[PDB]
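Written below as structure tokens is the structure these notes are about.
Letters A, B, ... mirror the listed sequences (proteins, then strands); counts begin at 1. Hydrogens, waters and symmetry mates are skipped; everything else that's a heavy atom, side chains included, is used.
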Number of protein chains: 2
Amino acid sequence: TXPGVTXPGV
Amino acid sequence: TXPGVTXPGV
DNA sequence: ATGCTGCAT
DNA sequence: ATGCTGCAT
């Protein structure tokens with residue numbers, strides 16, 4: 001995710 | 001992937 | 001160290 | 001049934 005907690009996605 | 005064999009990703 | 005996701009062939 | 005992506009905090 002994010003980053004943090006990529007995207008989603010990428 | 002693709003689809004097929006989405007993306008990656010999505 | 002954590003933390004989601006999407007279908008054509 | 002079978003493919004895989006990506007970093008700030």
Side-chain angles (χ1 to χ4, degrees):
Chain A
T1 92
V5 290
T6 106
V10 50
Chain B
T1 53
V5 67
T6 72
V10 190

Handout entry: Watson-Crick or G-U stems involving DNA chain C, each at least 3 pairs long, distances under 3.5 Å, ordered by first number
Key = C:1-4 with D:6-9, C:6-9 with D:1-4

Handout entry: Interatomic distance at P, D:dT2 relative to C:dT5, whole Å
Key = 23 Å

Exercise for the section: Determine the interatomic distance between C1' on D:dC4 and the same-named atom on C:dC4; round to the nearest Å. Expected result: 11 Å

Fill in the blank from the handout: With the side chain defined as heavy atoms from C-beta on, A:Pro8 is closest, among C:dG3, C:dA8, C:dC4, to C:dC4

